[PDB]
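Quick note, the sequences are listed as chains K, E and E', same order. A prime marks a further copy of an entry chain.
Read left to right, the first sequence gives residues 3 to 109 (PDB author numbering).
Read left to right, the second sequence gives residues 1 to 132 (PDB author numbering).
Read left to right, the third sequence gives residues 1 to 132 (PDB author numbering).
Beta carbons: idealized from backbone N, C-alpha and C, even for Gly.
See below for the structure under consideration.
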Amino acid sequence: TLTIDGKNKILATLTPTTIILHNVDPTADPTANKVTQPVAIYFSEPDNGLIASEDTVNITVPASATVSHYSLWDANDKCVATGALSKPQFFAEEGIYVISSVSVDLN
Amino acid sequence: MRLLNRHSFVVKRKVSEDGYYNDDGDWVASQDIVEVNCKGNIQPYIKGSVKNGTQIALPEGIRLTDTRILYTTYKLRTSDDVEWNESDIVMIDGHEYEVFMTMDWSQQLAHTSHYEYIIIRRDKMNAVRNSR
Amino acid sequence: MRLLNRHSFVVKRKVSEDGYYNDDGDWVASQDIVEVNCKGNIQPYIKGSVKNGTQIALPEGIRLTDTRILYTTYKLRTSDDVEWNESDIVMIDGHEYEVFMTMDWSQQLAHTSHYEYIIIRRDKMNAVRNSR
């Protein structure tokens, strides 16, 4: 069982840097079903074994596309986290999907 | 004159005429779109099998087709492959109406020179972009 | 005016426009139906192969098809897939007449602005419901 100090020592080295959106579940294969170009994202230093985004990220989605999941990539093009969006969202025309915040837990 | 300017509508003219074909072969419409205010007169077009606000029954559901005739002194243009320009758009009831036909009565008489156009409601379809 | 209001008829408008497709794919019409009283003028429609009260002989038996033209100042609407609303119904002689065509002459002149509609007698068929 890890202590809080070990958890913080751990999370500091994850260093996620970008986010991509998919329409199919990327858990089995994150290289496929990309829908949007990579965008930058920033995180704060760990505390209580938790890291949170420092600001909102505006992602532009092409027309007639759908987004249902996301993924985070390192500074060296490796997928480290995956998850599902609150809703499957269909864009009739080009628009902005707003990422309010995202965090990674070890608790 | 008064009857030629009973209605006021908006016209979207693609001012630039720089449409081209991509390196992949897809069509790219002219970029600079500009809105304008115009005045004319709009009436239903009664001729032959023309369909005004006609409901159409299909296996896929229901459609609505409409077409009108427009009298105005403004020179709207349709698509032309030799001059390499696209057609204009007229906003009626919040929907788009593409100019398909034109009849040049200008330079005929002093007080009654005008133009006639047949505008067809644009069909509903999803959007896709190819811009290079 | 007096001649535009010679006849009085009932119109069934589906006030709600919440029709949708079930989880099984069947169509579900808008629920809230409302009756209204309107006034206009109804005449036979004489044009081309139009059939007014024409008896039709078929191997299955006999049918009766009818269609009329209606002048009125009330704004009835037909089906529209973009606006997502269904057409109105007009009760003539106790039978249903579905509005299929419309012609917008409104906002043309002060005392003579009106509308024209082509209404077709609904065919006889059995009823089925899919409501979720």
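- Residue pairing for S131/E': DSSP places it in no beta bridge.
- If you look at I46/E', you'll find it isn't in any alpha helix (DSSP H); DSSP assigns it neither H nor E.
- Short of 8 Å from the beta carbon of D23/E, and not among the five residues preceding or following it, lie these beta carbons of its own chain, in chain order: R132.
- At a cut-off of 8 Å between C-beta atoms, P32/K does not count as an interface residue with respect to chain E.
- Per DSSP, reduced to three states, the secondary structure at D104/E' is strand.
- A straight-line Cα-Cα distance of about 30 Å links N5/E and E83/E.
- Around the CB of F45/K, 16 or more other CB atoms lie within 10 Å, so the residue is classed as buried.
- Within the DSSP secondary-structure output, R121/E' pairs in a beta bridge with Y97/E'.
- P64/K has a beta carbon lying within less than 8 Å of a beta carbon in chain E.
- A distance of 8 Å or more separates the beta carbons of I69/E' and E98/E'.
- Sequence-distant Cβ neighbours of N10/K in its own chain, meaning closer than 7 Å and more than five residues away, are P48, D49 and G51.
- Assignment of beta-bridge partners to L70/E' by DSSP yields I42/E' and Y117/E'.
- Taking a Cβ-Cβ threshold of 8 Å, the residues of chain K close to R129/E are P64, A65 and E96, in chain order.
- No Cβ-Cβ contact shorter than 8 Å links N25/K with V41/K.
- By DSSP's assignment, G61/E forms a beta bridge with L58/E.
- The residue among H7/E', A110/E', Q55/E' and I89/E' with its C-alpha nearest the C-alpha of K14/E' is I89/E'.
- Inter-residue distance for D80/E' and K124/E is about 11 Å (C-alpha atoms, whole angstroms).
- Within the same chain, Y115 come within 7 Å of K75/E' by CB-CB distance, once the 5 residues on both sides are set aside.
- Put simply, the backbone Cα of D32/E is about 10 Å away from that of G19/E.
- With its beta carbon at least 8 Å from every one in chain E, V50/E' lies outside the interface.
- Among the residues of chain E, those whose CB is under 8 Å from the CB of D81/E' are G61, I62, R63, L64 and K124, following chain order.
- In the displayed model, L76/E falls within coil according to three-state DSSP, outside both helix and strand.
- Of the candidates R121/E', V128/E' and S87/E', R121/E' places its Cα closest to the Cα of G53/E'.
- Looking at the DSSP output, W27/E bridges to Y21/E.
- Rounded to the nearest whole angstrom, the CA to CA distance from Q43/E' to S66/K is 47 Å.
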